[PDB]
Every structure is written in C-alpha cells, then in structure tokens.
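S.K.: Handing you this structure, nothing more for now.
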Amino acid sequence: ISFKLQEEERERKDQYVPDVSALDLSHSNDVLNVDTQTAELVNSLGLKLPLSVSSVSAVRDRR
Amino acid sequence: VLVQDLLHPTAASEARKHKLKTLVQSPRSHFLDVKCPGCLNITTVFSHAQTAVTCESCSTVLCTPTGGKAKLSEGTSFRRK
Amino acid sequence: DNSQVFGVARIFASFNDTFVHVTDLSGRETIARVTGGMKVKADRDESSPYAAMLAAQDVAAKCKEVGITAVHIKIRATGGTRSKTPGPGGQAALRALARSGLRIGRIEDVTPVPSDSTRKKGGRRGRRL
Amino acid sequence: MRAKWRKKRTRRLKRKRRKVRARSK
Amino acid sequence: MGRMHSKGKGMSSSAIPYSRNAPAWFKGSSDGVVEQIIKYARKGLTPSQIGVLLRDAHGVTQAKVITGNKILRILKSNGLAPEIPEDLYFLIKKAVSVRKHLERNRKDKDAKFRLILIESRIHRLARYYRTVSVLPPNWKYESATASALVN
Amino acid sequence: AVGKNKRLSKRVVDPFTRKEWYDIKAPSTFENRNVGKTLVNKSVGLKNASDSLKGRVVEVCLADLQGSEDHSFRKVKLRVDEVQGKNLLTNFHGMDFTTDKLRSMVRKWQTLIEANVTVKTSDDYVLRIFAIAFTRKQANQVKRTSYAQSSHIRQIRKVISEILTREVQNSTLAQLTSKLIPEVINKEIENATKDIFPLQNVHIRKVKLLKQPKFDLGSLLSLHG
Amino acid sequence: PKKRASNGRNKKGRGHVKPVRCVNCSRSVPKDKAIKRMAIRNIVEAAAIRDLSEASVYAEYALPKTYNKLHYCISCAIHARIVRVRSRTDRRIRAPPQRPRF
RNA sequence: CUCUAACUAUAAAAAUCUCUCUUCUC
RNA sequence: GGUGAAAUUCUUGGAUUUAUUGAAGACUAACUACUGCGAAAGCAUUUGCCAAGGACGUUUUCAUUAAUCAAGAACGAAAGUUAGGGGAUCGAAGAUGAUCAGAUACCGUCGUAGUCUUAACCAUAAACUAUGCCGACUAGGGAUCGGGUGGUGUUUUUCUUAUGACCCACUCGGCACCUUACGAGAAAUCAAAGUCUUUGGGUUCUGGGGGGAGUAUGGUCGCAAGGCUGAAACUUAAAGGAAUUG
Ligand SMILES: [Mg+2]
Ligand SMILES: [Mg+2]
Ligand SMILES: [Mg+2]
Ligand SMILES: [Mg+2]
Ligand SMILES: [Mg+2]
Ligand SMILES: [Mg+2]
Ligand SMILES: [Mg+2]
Ligand SMILES: [Mg+2]
Ligand SMILES: [Mg+2]
Ligand SMILES: [Mg+2]
Ligand SMILES: [Mg+2]
Ligand SMILES: [Mg+2]
Ligand SMILES: [Mg+2]
Ligand SMILES: [Mg+2]
Ligand SMILES: [Mg+2]
Ligand SMILES: [Mg+2]
Ligand SMILES: [Mg+2]
Ligand SMILES: [Mg+2]
Ligand SMILES: [Mg+2]
Ligand SMILES: [Mg+2]
Ligand SMILES: [Zn+2]
Ligand SMILES: [Zn+2]
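Chains as they are written, first to last, in my numbering: chain A, 954 to 1016; chain B, 76 to 156; chain C, 5 to 133; chain D, 3 to 27; chain E, 29 to 179; chain F, -10 to 214; chain G, 15 to 116.
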C-alpha cells in the first residue's frame, strides 16, 4: 500500500544529498591509497593525480 | 576475437603460447657460458643439458641432468648466450 | 586415588540380547555376568533398552556387594563381519550402570573391526526381505 | 519369459538330443 | 600425437630453429666438429649420443647446421656407419631383454604382450630398412638369432 | 524368558568367600605406580595361586599412570610376573592407542602412511613397532586436498623405519618406555621428514612385543621401588 | 533411456572397482555406486551426558566419540530413508542438503 | 567485511478378474 | 543363536560371552575421491629383485618408416572342466526349521562341488561410455592428476641459501565436470551424438519390420560344457524408440 503522505516522505528522504563531500579526497588528508598498477594506469593515461603507492601483499587470505 | 591479427600477435602472447605452436616455431632453450672456480676456461653448455658436463681441464661437473633444464653447480658463474 | 576398587563394565550390545559383563582389571576373573535375555520375557525384546536396564541394575547390585565401586565401560558391538554398529540396549545398560551409584571411568569402544572380512554372510544379493 | 531361461530350455533340449544321438552314434 | 602401438596422444618434441645457417656466436670450425664426430664414433658411440655430446659439452646446435651433413651421413662418408641402424639395434636389444625376462618367469603375461608389440615394431622397421636396401633382402629378425646380433 | 529344553549332555556356594584381592604395582617409569586390585581365588596347597597370577595382562590407560591427560588416548598392557605376597609386580608387556583417537585422526582427504618394524632392543627383548603419520595441509594451501605422491610416501616410510630401528637397538624397553612417555620419538620422526612432507599427527601406536629372553629377576625388582 | 549420464556408479575411467557389502542386507555392491555415510556420533548421547558427568571420576573427562563409515546398499538406502527420490531437474544437484545446522 | 560442530533409532501375510470403443465440419 | 515373530541348533560333560595365547586359509578395512595405471579384462599391506610403459623436457638421431585392417595371431571377468595341493569364511546342490492354500522360493540353521592356488582347458558377460580407430577445426568457466617453465611470492631451517611443501601465472598430456545453443537430433540429450540435402579427410565391422531364431542343418574349435559361422518353410500389421496428459 502507498499514499500521498508516504510517497511524499519517501521522495523527501530520496532528495537528501550531503552538503559535505564523500569523494574527491575530502577524507584521508587529500590522499587516496592506490597500488602500483593503477598508479601506472594514471601515469600512462597522461594524467597527474595525487596518489599514494602501497603494495597489496599478493599473499592471499586462506579464507 | 572476431577481428584479430595472427601475423603480428603481441610478444607477450608469443611467450604465452607453447613451443611448436607459435607462428614460426622456435625453441625456448638457449646456451650458456659457464666458468668453474677451478680454471678460467669458458665452457659452452645447454640450458636443458642431459649429461654431467665437466670442464676438460678438471673433473668437476658444471651441470646436472634434470627432468627439465640443467641445475648448475654451486659456485659456477654463467652468462646467457 | 581414594581406593576406588575398579572394574571394567565391558558391555556387549548386539542387535539382540545385549550383554553386561563386569570383570576386574586383568579381565581373567568374571563376576556378575547377568545378560539381557536373563530378565525379559518376550524373547524378542532381549535387545530392548529395558532388558539392558534390568541387567545393569543386577550387575550393579552384585558388584556393590562385591566391593567394586567404579567400573570401566568397554562397549562392544557384534563386530567381526557383522553389522558392528552398537546395539539398541547397550546405551541403556551404560546409563543404568552410571545411575546405580557406581562411578564411571575411561569409556572405550572395543568392537572387533577387521582389516577386512573373510566373507560376509548373505550371498551376493544378500538378505532379500 | 526371459531370454536367459529360453536359452537354458534350449540347452536342455540340446542335452536330450545330444544324449539320444550319442546313444545311437 | 599418434603413438603407433598405444593410446598415447603426446606431442613432446623439439622445435628446430628457423635459421638453417650457423649461429652467430659459434666460433668452432666445421673441420674440427667433423673430427670430434669421428673420434666420438671411434669411441663406439651411436649418432644420437654423438649429437647429445656435441649439444651439451660444446656449442654444436646440430651437425647439419654447422657442417652441412648429418651425423650418420658424416659417419657413412668415413665408413663408420654400423651394419645395423641404431634404432633397429635398440629395438632388438629391448626385445631380447624382454624375452630373457619371459624365459626366466613364464606367468607374466603383460610382458608377453609387450614383447609381441616390440616384435611387431621390429618387423615394421626391418621392412622399411629392407625396402631402402640398408639391410640385405635376406635379413630377417628371428627370436633365436637376435641374441647373437645383440651380443 | 526362562526357557530351556534341558538338553543336558545343590552343592552351591558363594565363590567370593574363597577369594581375595592382590595389588598391581607398575614399573618405576610411571608415576602413579598403584594401578588397582585383582580378584583371585584363595591359595590352595595343591595349586598355589601365585602360579596362577603370573602371566596375567592388565590393560590400563596411560593417563591413569602419569596423572596428566595428554596421555589420555594411549593405553599400556602390563604383565604379571613376580608376586611378593598381597602385592605383585608387573613388567611392561605392550602399548596401544585407543580406537577413538585412531579413528579421530584417520580422516578423509589426506594419505595415511604406516611404518612397521620388527627389531631387537639393547637386551634380547624382541619388539614390533607401528608408526602412523598423516600428511598435513599447509598453512597456505588454497588447494583443498593434501595428498602425497608414492615417492614421498616411500621415502617417509624409509625414514621412519630407520629412526625406529635406531631408537630400539640403542636402548632397553625400560629406557624405551621412558622415551615413549614424553613421545620424543614422534617429534624426532616429524623433524626428520620436515623437508619431505609436512606429516601432521606423527604417532607411535601399538608397540607390540613378540619375545622375552629369560626370567631376569634383578632388573625386574630393580624396576620397582 | 539414460536416467543418469553418470550411470550412478561414479566410475568414469576404471572399468571395474572392488565391491563392498551392504550394512543392512549385505548386498555385494560396487564401492563407488554404494552410498557411504560417515556416522560420527557421541558414545553417550545428550540423554545421559548429565548423568555420566555427575557419576564419573576424572573430572572434566572428555568423553570419546564413535566413528563408523556405513556402506549402505541402494535398495536399503531408498528404504531406510537415507537417500530420497528427487525431481528430474533436481537430480542435477550433487551438493549435500545445505548444511543441516550452522 | 573475517569462519568446518552435532547426532541416531521401523522391513509379518495379500493370488486372480469375462464384454465395449463410437463423425468432426465455419 | 536367530528373527517381522518364531522354530531347527549348542548348552550345569558348563555353552554364549572373559582374558591371554596357538593353528589354518582367505583377504587387504578405515586412507578411498565425479582420483591413478593398463590394450581390454583388471589392478589397493611392506620391502627387494626383474623387465616393461604412458606423459613432459630435448637447437639429439633416421627421414615416410605411416592410419585402418579380410587371413592369421596374444591376452580375455565370473562361472565351468581335468589332474596335484590345500580346506578358514561364504555358500549351487542337498538336509532341514519356518511362511503359505501349496513353497522341495524369498527369512533361518548345517552343508558337499565351488570359492584360494600349480600346470592344462574354456573364450563367453548389461566384456557398457549400450558411443570403432586415426586426423583437423569450432565456446565460454573453474577446478583435478603427471610433467615442464617463470616468479624479486609464503612458510619452512641447516647460520643464509639447495631441495621439499605450498601460492600466483602459463603450457603439454589424461580421467573428468559446470553453463549455453549459436550447432545436431524423433526427442531423452550430445562440446561431441557438432563441422550432413550448403550432403565426399582415411579406414574396418555391423543392420534392412516383428516372430520363427542365433533354432535346424553343414563345417570348425572343445575331453565336456559350449564357442565361431549360421538360413528357410511358415506366420504376422505391427513389434519397437523418446516424450506428453491421465
Ligand atoms: Mg523390498
Ligand atoms: Mg526405467
Ligand atoms: Mg550414487
Ligand atoms: Mg584409461
Ligand atoms: Mg566359556
Ligand atoms: Mg589397506
Ligand atoms: Mg592415486
Ligand atoms: Mg579379424
Ligand atoms: Mg575359478
Ligand atoms: Mg581339486
Ligand atoms: Mg533349498
Ligand atoms: Mg520346507
Ligand atoms: Mg538360504
Ligand atoms: Mg554356514
Ligand atoms: Mg556377445
Ligand atoms: Mg556391444
Ligand atoms: Mg527381420
Ligand atoms: Mg532375435
Ligand atoms: Mg554343429
Ligand atoms: Mg517407452
Ligand atoms: Zn678447473
Ligand atoms: Zn542393502
């Protein structure tokens, strides 16, 4: 079942957009953590973005 | 896949495939120049050697037969040919 | 140890007429052999839990008169080439042994399991029923 | 009938005929 | 991937390099290589072991690349080619070994079947070498006479 | 029930008045040397009981002899040989596992390797020893099985056989049992085959016994007290 | 017609395996076709765990388990409820019945 | 975005069955 | 004991169970799996000896020696047949005790031949993947066994390393498996049963409705059992395959 009040409330909750940013490195002191491979991707793309190399420790968890 | 070069495939794909299965079939083996600590003679050996190769000057083996390629001795130093 | 005079319960529970047979540590001396068919009428319920229950009460009373206060359970199935799965009555026998004052130590299963059977009875097509 | 038992009955008929022939061979 | 006398389907082999001429890095002389081949043959070695020795201890990729002739051809030019070709000789050696094993224990039937296979292979190879006149036309493999050739 | 065709083809007494209790004394290689009591007929002049006692084999859990529970799954058989009167002495007769542990470690998706060796100890006691080992899944093995090739199995069997021969011919079953209690042979066998294959659950089970040289009283009494 | 592409045996490349006997009816059945069920259970069930715990020396005695691999027949397996007839599109599934308890 | 634990345990006996089948074209 | 339940049978000359042991013969549990080897039957305790074999590696050697195969040959499960050996278990015949209307059938207890072997026969099985062999190509996904390559990989410990054992990637070969039809089929289904009316890579064997009939006869093999080869007269409108609804 649905009605005008519930649908309006759902739409109002849907229109919620945070004023603060959840992207563009607002967190982690304007640093994103990427491994070497995607760093070479950024390099070969011809683009200079603020990166932070970190090895991914190719040893896999035994699960 | 539908359209694709076979005359010029990537060299990575060349090393990927099996021997006898490249465009032109070429061996993956190679020869080596080994020096034994004993003398200064340079001995030419095969990667996949099948015999206990020794320098003619000294009765010291430089390779060891193995199911695949040669396992060299401990202190012999080699350069790829 | 506080001088717990020990025996071995040594239960043998086939698919019919379970056995409760307590002996000393050596096992060379047999006391209180009373079985399941010893105490029940129908001749078909010798394997029944009640059979082993009464047999267990009798062996407990006899051993308590003897002086043995704690027992070692040695559960045995019919074993050999047979089914070798424990009988229905043996568990009730063990429970009734543990009920009647006796102390319990080192339960073991001692069913005779072969490195192989000589030949299992029944023919190639087995019991057809 | 099964083919097995028809075959066996044929074999028994051959039994009788073979002994008859052997007695008169 | 045929395996004439079994169900095998392997293709384990060696790929001869495209360039027929001598490798650039090889410094030895063709005459020296032929002398080495002759000496190895005089030691009492079949051509296959000669090729193995020249490939392992020396830079000889293969004789035909360096000299221009094959190992058996080089031996034949100097008259050291064995009267029985090497592969057929090894087949007779294997056959006599299996026959010895059989006559020392009768009940092994699998080795009996393997002996049958080896004898069939021997017959095929003998037929080939006979149609090329390497062997005399009267040459044949017989169980009793194989030992003398092997011994 | 109570049915019997009486196909027989009061003089009743209680057979416990003519009976009594002896005590089982363990070798000094074990801690809790007071094992238990054994029921015996009363002594008769024509047939002395002490003759009847000797040869008895009592079966006791190993943990009941050392107090700890690390030896819960083992089991030791002691042989009655010398009776001191109202107390008798027992010598080692054999060793075994409990079927519970044995089935607990015989699990699927791993190869069990068994080693069998019949040897002679430092004395003339002749023993037979069985060792059982199980290949171990590596601490990184994403592959789910843990099988071992036949070559590895044969090598492991050879190593275990030579180790058991070494540690039997170099000691007596007094010292050999004192070695068996802290299962140092298990650790040594595991370490000697560490390169060949992981080998989880290296155990020595069912230490049999096939012969006794003579009746040596001196060490038997020396083994007690 | 083929009711089972696997033919039920699960052999695929042996020709012959050594038969094993049924636990119930003692039917000589091949070891791969025979249904094997690993009965691992408690030597004393929960009906008497409290009783044994109260009436046992060796405080905190870890009671032993009992292990038996049962080699059922196949008529027995249908009849003894061990295995059940399945839908023709359900016969595809070979995974065990989804972890009876977690 | 990290995970392998709980469980049993039924087989008594029951054989056989005389008809008759009928059209789809808007 | 045994059973649905009973009975036959053994037992105070003390059976059933209880501990040590001893003898015999068989067999190789658990490990044992959509795992391995083999030409197919088949092969599962350890160790040694004997020879053999697939797969992989090979800048080794010969150069068409090859594929399939009438005639001919080697092995060929179980059962069975001659003799000699053994003789535990289980068990054709048989002996009984039950169930039934009958039960010389199924349930039960004994039980010869046989099962186990050394020689000599036998040559048949639902000897099944009911799919002949060799060769090429066509589609995605993981695993698994044997081998071989590389990792600046991980634990290993013999200070470091070398192995081994894993981890990741690739490749060759094998028993296999999941998905799918874009192909094939009467469909069930098949990654071959595809590349077949858009019909031709090489090659061997077999079938022409059902029954009579794998019968008779004639050969041939076998001591025998029986094997291989193998019709017709006549009769019949169906027999049969897959699937759908009841
Ligand atoms: Mg039924
Ligand atoms: Mg059907
Ligand atoms: Mg199945
Ligand atoms: Mg195969
Ligand atoms: Mg008795
Ligand atoms: Mg085994
Ligand atoms: Mg295997
Ligand atoms: Mg033919
Ligand atoms: Mg036979
Ligand atoms: Mg005989
Ligand atoms: Mg009868
Ligand atoms: Mg009757
Ligand atoms: Mg019967
Ligand atoms: Mg019998
Ligand atoms: Mg046939
Ligand atoms: Mg066929
Ligand atoms: Mg016809
Ligand atoms: Mg027909
Ligand atoms: Mg004839
Ligand atoms: Mg149909
Ligand atoms: Zn030198
Ligand atoms: Zn069954």
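All residues carry an ideal CB built from backbone N, CA and C; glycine is no exception.
Can you tell me whether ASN21/F is helix, strand or coil according to DSSP?
M.R.: Translated into positions along the sixth sequence, residue 21/F becomes position 32. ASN21/F: coil per DSSP, three-state reduction.
S.K.: With DSSP run on the structure shown, which of helix, strand or coil describes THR182/F?
M.R.: By one-based count along the sixth sequence, residue 182/F stands at place 193. In this structure, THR182/F counts as coil in the three-state DSSP scheme.
S.K.: Counting pairs of beta carbons, one from the segment 91 to 109 of chain C and one from the segment 10 to 30 of chain C, are three or more of them closer than 8 Å?
M.R.: Taking 8 Å as the limit for Cβ pairs, the verdict is that the segment 10 to 30 of chain C does touch the segment 91 to 109 of chain C.
S.K.: In terms of residue numbering, what span does the alpha helix (DSSP H) encompassing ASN996/A cover?
M.R.: Stepping through the first sequence from its first residue, residue 996/A is reached at position 43. Taken as a continuous stretch (DSSP letters only), the alpha helix (DSSP H) holding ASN996/A covers 989 to 997.
S.K.: Judging by CA-CA distance, which residue of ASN21/F, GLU71/F and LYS8/F is the nearest neighbour of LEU206/F?
M.R.: To locate residue 206/F, count along the sixth sequence from 1; it is residue 217. For the residues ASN21/F, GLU71/F and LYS8/F, the minimum Cα distance to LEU206/F belongs to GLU71/F.
S.K.: Using CA coordinates, which residue listed in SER51/C, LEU29/C and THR82/C is at the minimum distance from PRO118/C?
M.R.: Locating residue 118/C in the third sequence gives position 114, counting from the first residue. Closest by alpha carbon: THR82/C.
S.K.: Helix, strand or coil for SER20/G per DSSP?
M.R.: Here the question's residue 20/G lines up with position 6 in the seventh sequence. Here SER20/G sits in coil by DSSP.
S.K.: I think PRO33/G touches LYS45/G, with their Cβ atoms under 8 Å apart; what is that distance to the nearest whole Å?
M.R.: Taking the first residue of the seventh sequence as 1, we reach residue 33/G at position 19. Taking the first residue of the seventh sequence as 1, we reach residue 45/G at position 31. Contact flag correct, Cβ pair sits at about 7 Å.
S.K.: Using only the alpha-carbon positions, how far apart do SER171/E and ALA109/E sit?
M.R.: As a first step, residue 171/E must be located in the fifth sequence, where it is residue number 143. As a first step, residue 109/E must be located in the fifth sequence, where it is residue number 81. Cα-Cα distance, rounded: 25 Å.
S.K.: Spell out the partners DSSP gives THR27/F in its beta bridges.
M.R.: By one-based count along the sixth sequence, residue 27/F stands at place 38. Paired residues: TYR11/F.
S.K.: For the segment 25 to 43 of chain G, list every residue whose C-beta sits within 7 Å of some C-beta in chain C, in sequence order.
M.R.: Against chain C - using a Cβ distance shorter than 7 Å - the residues of the segment 25 to 43 of chain G are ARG35, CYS36, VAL37, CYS39, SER40, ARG41 and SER42.
S.K.: Grab the span of the alpha helix (DSSP H) containing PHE118/E for me, first residue to last.
M.R.: As a first step, residue 118/E must be located in the fifth sequence, where it is residue number 90. Taken as a continuous stretch (DSSP letters only), the alpha helix (DSSP H) holding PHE118/E covers 114 to 132.
S.K.: Which first and last residues belong to the alpha helix (DSSP H) in which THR12/D is found?
M.R.: Working through the fourth sequence from its first residue, we reach residue 12/D at position 10. Here the alpha helix (DSSP H) through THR12/D covers 5 to 25.
S.K.: Could you tell me which residues DSSP pairs with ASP108/B in its beta bridges?
M.R.: Translated into the one-based positions of the second sequence, residue 108/B becomes position 33. BP columns for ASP108/B point to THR119/B and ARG154/B.
S.K.: Using only Cβ atoms and a threshold of 7 Å, which residues come within that distance of a heavy atom of ligand 21? Order them by chain position.
M.R.: Taking each Cβ in turn, the ones that pass are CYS111/B, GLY113/B, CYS114/B, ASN116/B, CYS130/B, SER132/B, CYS133/B and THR135/B.
S.K.: What is the DSSP secondary structure of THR97/B, reduced to helix, strand or coil?
M.R.: Numbered from 1 along the second sequence, position 22 holds the residue referred to as residue 97/B. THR97/B falls in the coil class under three-state DSSP.
S.K.: Taking C-alpha atoms, which residue in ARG134/E, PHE141/E, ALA50/E and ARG149/E lies nearest to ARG31/E?
M.R.: Taking the first residue of the fifth sequence as 1, we reach residue 31/E at position 3. Of the candidates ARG134/E, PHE141/E, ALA50/E and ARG149/E, the one whose C-alpha sits nearest the C-alpha of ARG31/E is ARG149/E.
S.K.: Would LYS47/G count as contacting chain F if we go by Cβ distances under 8 Å?
M.R.: In the seventh sequence, residue 47/G corresponds to position 33, counting from 1. So no, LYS47/G is outside the interface.
S.K.: At 8 Å on the CB atoms, spell out the chain E contacts of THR126/B, in chain order.
M.R.: Residue numbering aside, residue 126/B sits at position 51 when the second sequence is read from its first letter. Here the neighbours are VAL80, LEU81, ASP84 and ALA85.
S.K.: How long is the line joining the alpha carbons of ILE111/C and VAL126/E, rounded to whole angstroms?
M.R.: By 1-based counting over the third sequence, the position of residue 111/C is 107. By 1-based counting over the fifth sequence, the position of residue 126/E is 98. Their Cα atoms are separated by approximately 59 Å.
S.K.: Quick check on this structure: which residue in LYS92/B, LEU147/B and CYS111/B has the alpha carbon closest to the alpha carbon of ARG103/B?
M.R.: Numbered from 1 along the second sequence, position 28 holds the residue referred to as residue 103/B. The shortest Cα separation from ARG103/B among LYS92/B, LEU147/B and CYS111/B belongs to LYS92/B.
S.K.: Any heavy atom of ligand 4 closer than 7 Å to the Cβ of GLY27/G?
M.R.: Here residue 27/G corresponds to residue number 13 of the seventh sequence, with the count starting at 1. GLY27/G Cβ: within cutoff of ligand 4.
S.K.: Cβ of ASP113/C less than 8 Å from any chain G Cβ?
M.R.: Counting from one through the third sequence, the residue named residue 113/C turns up at place 109. Chain G, which has a Cβ nearer than 8 Å to the Cβ of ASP113/C, makes this yes.
S.K.: Beta-carbon separation of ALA102/C and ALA69/G under 8 Å?
M.R.: Translated into positions along the third sequence, residue 102/C becomes position 98. Translated into positions along the seventh sequence, residue 69/G becomes position 55. Against a cut-off of 8 Å, the Cβ pair of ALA69/G and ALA102/C comes out as a contact.
S.K.: Using beta carbons (cut-off 8 Å, strictly below), is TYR81/G in contact with chain F?
M.R.: Translated into the one-based positions of the seventh sequence, residue 81/G becomes position 67. Yes, because at least one Cβ of chain F sits closer than 8 Å to the Cβ of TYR81/G.
S.K.: Any heavy atom of ligand 2 closer than 7 Å to the Cβ of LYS17/G?
M.R.: Mapped onto the seventh sequence, residue 17/G falls at position 3. Flag set: Cβ of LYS17/G near ligand 2.
S.K.: List, in order along the chain, the chain E residues whose C-beta lies closer than 8 Å to that of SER101/B?
M.R.: To locate residue 101/B, count along the second sequence from 1; it is residue 26. Simply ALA43, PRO45 and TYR46.
S.K.: State the Cα-Cα distance for the pair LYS195/F and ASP113/F, rounded to the nearest angstrom.
M.R.: On the sixth sequence, residue 195/F is found 206 positions in, with the first residue counted as 1. On the sixth sequence, residue 113/F is found 124 positions in, with the first residue counted as 1. The straight-line gap from Cα to Cα measures roughly 20 Å.
S.K.: Classify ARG80/C as helix, strand or coil using the three-state DSSP reduction.
M.R.: Within the third sequence, numbered from 1, the residue matching residue 80/C stands at position 76. DSSP places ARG80/C in strand when its eight states are reduced to three.
S.K.: Go ahead and label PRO971/A buried or exposed: buried means 16 or more other beta carbons lie within 10 angstroms of its beta carbon, across all protein chains shown.
M.R.: As a first step, residue 971/A is located in the first sequence; it is residue number 18 there, counting from the start. With fewer than 16 Cβ atoms within 10 Å of its Cβ, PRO971/A is classed as exposed.
S.K.: Can you name, in chain order, every residue of its own chain whose Cβ lies under 7 Å from the Cβ of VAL124/E, other than the five neighbours on each side?
M.R.: Stepping through the fifth sequence from its first residue, residue 124/E is reached at position 96. The answer, listed in chain order, is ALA174, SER175 and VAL178.
S.K.: In three-state DSSP terms, what is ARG83/E?
M.R.: Along the fifth sequence, one-based indexing puts residue 83/E at 55. Helix.
S.K.: For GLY40/C, count the other beta carbons within 10 Å of its own beta carbon; 16 or more makes it buried, fewer makes it exposed. Which is it?
M.R.: If you number the third sequence from 1, residue 40/C lands on position 36. Result: buried.
S.K.: Thinking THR135/B and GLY113/B are a contact (beta carbons under 8 Å), I'd like their distance in whole angstroms, please.
M.R.: As a first step, residue 135/B must be located in the second sequence, where it is residue number 60. As a first step, residue 113/B must be located in the second sequence, where it is residue number 38. So it is a contact: roughly 6 Å between Cβ atoms.
S.K.: Which residues of the segment 65 to 81 of chain G have a Cβ closer than 7 Å to any Cβ of chain C? Give them in chain order.
M.R.: Answer in chain order: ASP65, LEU66, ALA69, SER70, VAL71, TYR72, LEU77, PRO78 and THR80.
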